[PDB]
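Student: pasting the first chains of the complex, positions unchanged:
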Amino acid sequence: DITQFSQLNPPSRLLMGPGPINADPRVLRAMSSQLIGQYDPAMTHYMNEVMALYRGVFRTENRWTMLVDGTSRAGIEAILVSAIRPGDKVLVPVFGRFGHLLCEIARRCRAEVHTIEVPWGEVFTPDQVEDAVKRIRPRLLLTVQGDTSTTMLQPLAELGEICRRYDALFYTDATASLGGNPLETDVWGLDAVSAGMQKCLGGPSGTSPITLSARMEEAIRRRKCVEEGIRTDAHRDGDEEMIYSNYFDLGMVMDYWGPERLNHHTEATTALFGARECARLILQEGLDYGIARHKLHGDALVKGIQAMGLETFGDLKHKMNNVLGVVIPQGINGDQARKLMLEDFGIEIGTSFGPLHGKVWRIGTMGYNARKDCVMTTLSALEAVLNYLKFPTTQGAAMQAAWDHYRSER
Amino acid sequence: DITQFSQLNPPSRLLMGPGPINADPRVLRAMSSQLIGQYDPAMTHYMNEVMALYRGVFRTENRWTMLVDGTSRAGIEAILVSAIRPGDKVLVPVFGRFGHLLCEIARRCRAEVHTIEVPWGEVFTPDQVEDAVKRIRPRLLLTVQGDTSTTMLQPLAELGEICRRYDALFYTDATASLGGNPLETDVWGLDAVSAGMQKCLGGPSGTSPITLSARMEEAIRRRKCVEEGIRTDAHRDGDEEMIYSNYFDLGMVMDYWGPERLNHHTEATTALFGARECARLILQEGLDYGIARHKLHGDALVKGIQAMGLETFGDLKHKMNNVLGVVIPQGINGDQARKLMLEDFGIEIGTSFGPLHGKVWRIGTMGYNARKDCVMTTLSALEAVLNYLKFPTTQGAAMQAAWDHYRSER
Amino acid sequence: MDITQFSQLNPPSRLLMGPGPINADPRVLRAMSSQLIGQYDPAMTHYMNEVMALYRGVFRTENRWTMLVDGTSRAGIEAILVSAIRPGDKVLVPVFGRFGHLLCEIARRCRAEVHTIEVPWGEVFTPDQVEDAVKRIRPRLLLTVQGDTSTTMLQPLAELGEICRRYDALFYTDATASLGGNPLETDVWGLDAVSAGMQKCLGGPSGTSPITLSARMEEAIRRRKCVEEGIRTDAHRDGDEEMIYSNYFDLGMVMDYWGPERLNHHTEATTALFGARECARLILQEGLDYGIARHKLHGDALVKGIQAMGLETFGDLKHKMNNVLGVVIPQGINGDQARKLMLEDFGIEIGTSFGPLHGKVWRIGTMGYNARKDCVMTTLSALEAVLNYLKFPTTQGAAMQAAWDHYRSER
């Protein structure tokens, strides 16, 4: 019966996993706003505002800063499909799960995929990526900045200089790290950045902010091929082969956001309203302050976890501010502590996949949930569940260290 | 300055163009609802409900009825990229702008594209497409049901049996027509149908509902190749070559929406909620009642437009219930009427593009805006502007014919 | 019963061009959907303070005691009059419409001696007339409506405050209909108490009445001080006058709740406070001076189109409210039928006149969020379309021409 389909009623949740995390209530309210037509002066104005705001968030002057209407990895694929002609040599430094995602996307683009690897969860040295760039001579360097599966944050500062010397295009996947970690697009010589909403932005998934450098926009303009239905007598192709997607042809997407207002697709009015608010909030607070906030609560969680008598995963010198790997004590079922946290406390913490499944928990402190009270509620909840499942902890230690960190820093 | 970016505030608009149209107030409210985690039992229940609900909207029992996170033409591209291997022949009976869009998507899929043509705005006879099928022998017949650029509805009822005899896969692009005109997916023997929100569903763009037949999923299953980051020892490749997109690989999307919950992408939580309401609302009213309503208000607009002394573009026998083409009668300027309708009445009427640009307005009566008061307000505003632009009409004649129609309809 | 036939909230789309309530600003509606906090959360006492300062701007006053009354517009009226009137106290009410009559009844229930002076609908009072009446009856209070939606008339107030200062009468005004759409210089005109509404030019769901009280008014109310037993302490004492005969409408305790003591009088309406906060915030972003000028522009555009349409108007146009218009129903046109066909066929609500003006005059409002160019245009064309269909002759395109001409000239 159609009668037993009632109104939307999701249960209340504190999402402290690797994502998606709770949306900021201002972003949610802005999505309920009524729509206007595709080319209404207000809609074109709001599109132009989104560009200016995300230029601030990405820390770039790039003319082409916009949205791909799809989840984070649609942005990735849009950038790769637009920058990779079949046969092109691509270099992917793999330090986790999302390095393999780049490999697959690149392979679906028919690229020549060359990889370098370090174990989970470690990071790459600038020398390591320089030796690889000298060996294979790639068109693109395809990096993930923050990889949620390993909690590791790849240093990106010294890599852009390396890419300019050997004429490589420098792309990063910043969906996990943007807003909660430093990302200087221009200062670090980045050519393409793709992000997401559901990490530190806040932020339901469905949009991918991207930015393309002047060098990157030239490579795509050589690929120019306008869709037949909106092709005029004054449109002409570029010197190189077309992009093998109509939806992900970023040249046409650029022409939609540009003065031409080329009718590539109907922009996601609501998701645009959402995206505008995220960047607006991030810049009202300030990027530096926003990043400083993620560091404060990330560290407080670490110090809480360490005092609970728990090992942590990875090289902490390079840990993301917003993700923590927590080793499962042993004699303790991980799926059971996850089930108890959720059903009895309303707190979701992440499981790890593959070579870590049943070994490591992933606790995020991102965007809206990067607060003291989210950290405090999670630590007290985790400890309570562990004691109930017979894991001894020093009474008050985990909580004391959390307070000690919050007291000392302010 | 950041302070010169304020709270989202779009102007009050009546969207009577070819789309996007105004959303249902219930749909926008459901979007403000709080999020849950990707793998919360509530999320997987809501996905299971969306599948069930869209089977009723599409009029199908297809186990594989689900959402593509992207604009309407993303759901198309997901299907074409998943069904067409490089080389495979394809037939597109072009009768408007969106016939051309299908041609391009298939081109980017690396297909040999065959076309037949009728002039805007006419429609194909079953005999015309059968003679084309006999001639070129396509793997796929790729059709649009409602092409909003001509206001024409392609009859599909007999074509399904045509495709069964000569063993061709039958796809329709029903974004503009779903919910507003008849579409019996199973009874008409369709293999693939894709849609959009912003037309009759109501409806912000950003999501594309799709349904796949048992024959279709079998064809896509032959292309099996699981992404490296989420690949396990269980995953073996299909006998045919891979799909050349990660995001559009419907083989993996089916595995995400099915019982295995294969982690392909983070499903757009808010967009899913909107998608859920649209279907839930349509089925609460009843699909038949919903279509009948779209007919009634469309017909009243037609009779109102004709009595104003304005001619109607296209073959009226096959007109979409939800769209009308009104001819600009020379002397009067089309862009000037549109500007006045928008700036002074807050009403968007559609312009035309390409060949019909400057000749035809496209007035739509879809979804939430398929009401009497919307029609009355459009007809009244239109006649006021035309008269103000010194275009003579018989006083009260346009409104008279609309009232008489609504009187007779009772 | 059952329970399935009661579905999700789904009101029909309406353009409200009647006397009230009118369409609320969408930003206000969104603000109301926001999550709540505890009664004395630092954020809540903060927002209450924001609502005080913000409403000092909209009223045009420096008054410290500018706050909210939790109830519809007439609850703030009752709140003020129950607090200011001891039984037997003398009261003067210049009645020039239906709402002057409301002030009389409210005053009557406060057990006051109610003196009234009358001009016809829709005429307005002269300063000399109120002065002659004040000289006569010797009132403690002068009670006016600034804008009476029943007759569309706007009482000049500027000359009235001085009169009250010479004869020691307390000067109150009901500005629920006028605030935001017409000038109201609270402190400049020497007002003691003002009460407003949300649902008119503020926009604005009904259920809250903003009030402001001058330094002299608080003195009069604090003389009646008496704290409710449950929240009363040994440090509390009664004033030198009789208690206000109401617990809820005792404005002394409400003042104490909104003040630094935070005396627990009631649980302040959180949602309604978010809405009321927005209304004032939005009004001051655009600017009150521009808010008033906008109402004037679109209000005048309505009357020019109505006149071109061949219709008569009600009352003195010299003093007409910026936000409403009285339109004489032609003969033998049915007013109820026109209203029925405006609502059911165009999704536009136009007002009927109650009492001695029913079936004689419509009340068409151009208020707050609907004080827009596109609202005026749609109402006029719908009326002309409804009228002509009921077989009433109009000059073709005349109504719209005069309206379009007005917007052209003003730009």
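Tutor: Yes, it's here. Numbering: from 1, shown residues only, chains lettered A, B, ... in the order given.
Student: so how far is chain C from residue A:252?
Tutor: Using C-beta to the nearest C-beta, to the nearest Å, residue A:252 is found at 33 Å from chain C. In this view, the C-beta of every residue, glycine as well, is placed from N, C-alpha and C.
Student: That residue contacts residue A:228, correct?
Tutor: No - using C-beta atoms under 8 Å, residue A:252 makes no contact with residue A:228, being 11.7 Å away.
Student: More neighbours: which of these two?
Tutor: Per other C-beta atoms under 10 Å in any protein chain shown, whichever of residue A:252 and residue A:228 has more neighbours is residue A:252, with 24 against 18.
Student: Which strand or helix spans the more buried one?
Tutor: Residue A:252 belongs to helix A:250-257 when elements are defined using DSSP states H and E.
Student: State the next helix or strand along the chain beyond that helix.
Tutor: helix A:269-285.
Student: Does the helix or strand following that following helix reach chain B?
Tutor: For helix A:269-285, the succeeding helix or strand toward the C-terminus, using DSSP H and E, is helix A:287-307. No - taking C-beta under 8 Å from any C-beta of the partner chain as the criterion, helix A:287-307 and chain B are apart, separated by no less than 11.0 Å.
Student: What residues of helix A:287-307 count as buried?
Tutor: Using 16 or more other C-beta atoms under 10 Å in any protein chain shown as the test for burial, helix A:287-307 gives A:287, A:290-291, A:293-307.
Student: cool, stretch A:392-410 as well?
Tutor: A:393, A:398-399, A:401-402, A:405-406.
Student: Then stretch A:382-391?
Tutor: Neighbour counts over stretch A:382-391 (16+ other C-beta under 10 Å) mark A:382-383, A:385-386, A:391 as buried.
Student: Reformat those as CSV; add secondary structure.
Tutor: Formatted as CSV, these follow (DSSP: H, G, I helix; E, B strand; the rest coil):
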residue, secondary structure
A:382, helix
A:383, helix
A:385, helix
A:386, helix
A:391, coil
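Student: Which members of the residues you listed define the maximum pairwise distance?
Tutor: A:382 and A:391 (10.1 Å; C-beta to C-beta).
Student: For residue A:79, see how far away residue A:70 is.
Tutor: Separation of residue A:70 from residue A:79 (C-beta to C-beta, to the nearest Å) stands at 12 Å.
Student: With residue A:102 instead?
Tutor: For residue A:102, the distance to residue A:79 - C-beta to C-beta - is 10 Å.
Student: Contact partners for the spatially closest residue to residue A:387 that is not a sequence neighbour?
Tutor: Leaving aside its chain neighbours, residue A:387 sits nearest to residue A:393 (6.4 Å; criterion: C-beta to C-beta, 6 or more residues apart in numbering or on different chains). Residue A:393 makes contact with A:308-309, A:383, A:386-387, according to C-beta atoms under 8 Å, 6 or more residues apart in numbering or on different chains.
Student: mind running it again at 10 Å?
Tutor: A:307-310, A:329, A:382-384, A:386-387 (C-beta atoms under 10 Å, 6 or more residues apart in numbering or on different chains).
Student: Who's the closest spatial neighbour of the residue nearest the centre of chain A, skipping the chain neighbours?
Tutor: For chain A, residue A:175 is the residue whose C-alpha lies nearest the centre (C-alpha atoms, centre = their mean; 1.0 Å). Setting aside the residues directly before and after it, residue A:175 is nearest to residue A:196 in space (C-beta to C-beta, 6+ apart), at 3.4 Å.
Student: one more, chain D:
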Amino acid sequence: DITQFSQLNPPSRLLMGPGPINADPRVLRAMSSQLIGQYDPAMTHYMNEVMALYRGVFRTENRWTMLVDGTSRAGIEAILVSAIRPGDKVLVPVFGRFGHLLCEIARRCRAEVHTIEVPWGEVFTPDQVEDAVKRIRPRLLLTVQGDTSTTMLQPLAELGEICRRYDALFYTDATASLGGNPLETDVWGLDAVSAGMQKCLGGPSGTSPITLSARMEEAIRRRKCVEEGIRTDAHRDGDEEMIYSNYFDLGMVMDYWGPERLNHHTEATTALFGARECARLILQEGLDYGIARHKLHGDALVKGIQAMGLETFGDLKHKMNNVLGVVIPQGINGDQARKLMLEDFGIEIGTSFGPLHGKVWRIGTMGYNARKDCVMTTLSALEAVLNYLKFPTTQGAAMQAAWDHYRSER
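Tutor: So, slotting chain D in with the rest:
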């Protein structure tokens, strides 16, 4: 400057105090809906639905069941002002802070107030109040059902036969108990009931649900006096003296909610949508189950508190389901635990006023917050705060008793 007055952004709070408490999000979404005119066919229908819905909530068939526009105590004042003529004798059984509220309201109606007392927090016997009714012969019996300030629930069942016997009108204030406790309006011979929204209904304050027995309406009709502005020749005053309030004259409010639709005031459109939702949700769950839910979580919290080695306040046999009085231990600062609970955990627990200030905390489990996870979160948080403040508990015991209670009941 108006630029430093930004958009509404309240901090996330788990309200576990005496009230107001966090609202159910479905009710919040209902308030964001757009408004219709006072006398719109849709407004009166929703009003008629509201009347029917609350009849189900109050457990009555009373035709005069409706809303007062104002907070809980405005509805109390409405019922008292309409029923009480000056000089009338009234009896108020006082057992807490709100007992005194009824005394003050009756006093300002110029009634003679008679009282009997029990210490905080005891309850009245049928005999105690029957002795008093014989003694003073009251017109009204004025009782609080659940007094949050003491956590005590007065039995009303036997009080209805006592009132009917000695010919007294029986009123009660049920703002705290309604929804979370049994209330049989008709079965308990109740003449008038008033409640609020922000306790168990859920529910921001601003509306007062009332119900009036056939007996009560006769008494209010005798006092008939219609406001001069909405008075016609077809009206005549009743035999009794007028109700000394315009806004609170329940004779006129009845006429506004009846067939005549007498224009007494403009009904709060936004709040009525909320109150319409609140009643709908409670009846969708089913009042019996709702009451049962409130008891489960109330019982859970207590056990955990008792297992924490904390004393409790009041006669536990008669405790409200949705409130707990927790005695503040020697040396632990009552107001300091509150600061740490709110600022560091984002959880509000109630302070006591009057003869319990500094001695007792009030912890509520009401409406939307009567869930398992709100109980768990608050318990672990309070324990963490107490522990940090050097107050020894038996590690794990407080969570154990709660977990054991939930496991046993499932």
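Student: The buried residues of helix A:287-307 again, this time with chain D added?
Tutor: With burial defined by 16+ other C-beta under 10 Å, the residues of helix A:287-307 counted as buried are A:287, A:290-291, A:293-307.
Student: Check stretch A:152-160 too.
Tutor: A:152-154, A:156, A:159-160.
Student: cool, stretch A:36-51 as well?
Tutor: Neighbour counts over stretch A:36-51 (16+ other C-beta under 10 Å) mark A:36-38, A:40, A:43, A:46-47, A:49-51 as buried.
Student: before we move on, back to that, buried residues, the helix holding residue A:252. List them.
Tutor: In terms of neighbour count (16+ other C-beta under 10 Å), helix A:250-257 has its buried residues at A:250-257.
Student: go on, stretch A:1-21?
Tutor: Applying a neighbour-count criterion of 16+ other C-beta under 10 Å, one finds A:5, A:7-8, A:10, A:12-21 buried in stretch A:1-21.
Student: can you tell if that stretch touches chain D?
Tutor: Yes - Stretch A:1-21 reaches chain D (C-beta under 10 Å from any C-beta of the partner chain) through A:6-14.
Student: and the residue of the stretch 201-350 of chain A nearest chain D?
Tutor: Using C-beta to the nearest C-beta, residue A:346 is the residue of the stretch 201-350 of chain A that sits closest to chain D, at 3.6 Å.
Student: how about the closest residue in space to that residue that isn't next to it in sequence, what does it touch?
Tutor: Closest residue to residue A:346 apart from its sequence neighbours, by C-beta to C-beta, 6+ apart: residue D:373 at 3.6 Å. Shown in contact with residue D:373 (C-beta under 10 Å, 6+ apart): A:11-14, A:341-347, A:381, D:14, D:297.
Student: So what's the residue count around the spatially closest residue to residue A:225 that is not a sequence neighbour?
Tutor: Of all residues not flanking residue A:225 in the chain, residue A:242 sits nearest, at 3.9 Å (C-beta to C-beta, 6+ apart). When counting by other C-beta under 10 Å, one arrives at 18 neighbours for residue A:242.
Student: which ones are touching residue A:242?
Tutor: Applying C-beta under 10 Å, 6+ apart to residue A:242 gives the contacts A:85, A:223-226, A:249, A:251, B:104, B:107-108.
Student: ok so, going back, pretty sure the residue nearest to the centre of chain A contacts residue A:144?
Tutor: Yes - judged on C-beta atoms under 10 Å, residue A:175 makes contact with residue A:144 at a distance of 8.8 Å.
Student: Find residues that contact each of those two.
Tutor: A:76, A:98.
Student: looking at it, residue A:100 is touching residue A:355, isn't it?
Tutor: No - at 11.6 Å, residue A:100 does not count as touching residue A:355 under the criterion of C-beta under 10 Å.
Student: The two: which has the busier surroundings?
Tutor: residue A:100 (20 against 11).
Student: How about the more buried one: what's its closest non-neighbour residue?
Tutor: Per C-beta to C-beta, 6+ apart, closest to residue A:100 is residue B:229, 3.7 Å.
Student: Residue A:11 now?
Tutor: residue B:42 (5.9 Å).
Student: In this structure that neighbour contacts residue B:36, no?
Tutor: Yes - assessed by C-beta under 10 Å, residue B:42 is found in contact with residue B:36 at 5.3 Å.
Student: Give me the common contacts of these two.
Tutor: A:10-11, A:13.
Student: give me every residue that touches residue A:27.
Tutor: By C-beta under 10 Å, 6+ apart, the residues touching residue A:27 are A:197, A:201-204, A:273-278, A:280-281, A:367-368, B:32, B:270.
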